[PDB]
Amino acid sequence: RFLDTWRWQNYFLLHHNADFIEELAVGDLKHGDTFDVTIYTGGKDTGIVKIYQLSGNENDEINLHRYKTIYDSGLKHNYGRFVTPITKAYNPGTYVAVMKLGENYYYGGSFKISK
């Protein structure tokens, strides 16, 4: 029930518009694990990664709900490092990591978070 500003807030639309990148495809995670990815982000924009939960009715226009916003915490030139712990605050379910870089969007496909 929290609002978000990114362009794609529905998984179907995200999957049919954003670019899939393997660096964001972490696989299934369990509470206690850590999300930690390094991605090339170029020479003119700095990326931001969000973890959204996929939930809702099939009729809902919005089925992506933001759980975390992650900033680049690395020191590597033209790359971004995005790290966040998978705590119990992430209710078991299906999630997706999305990166906004300038006006473009990237994602790692859906994955599960389990107890």
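One-based numbering along the sequence shown.
TODO: Would you determine, from the values in the PDB entry, which of 86-94 and 46-54 has the greater average C-alpha temperature factor?
DONE: If you average the C-alpha B-factors of 46-54 and of 86-94, the larger mean comes out for 86-94.
TODO: Using the B-factors recorded in the PDB entry, average over the C-alpha atoms of 104-112 and of 1-9, then report which stretch comes out higher.
DONE: Comparing averages over the C-alpha atoms only gives 1-9.
Task: Out of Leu29, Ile39, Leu64, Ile70, residue topping the C-alpha B-factor column of the entry - done: When the deposited C-alpha B-factors of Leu29, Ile39, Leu64, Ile70 are compared, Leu29 is largest.
TODO: Looking at the entry's B-factor column for C-alpha atoms only, identify whether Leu24 ranks in the lowest, middle or highest third of its chain.
DONE: Top third by C-alpha B-factor.
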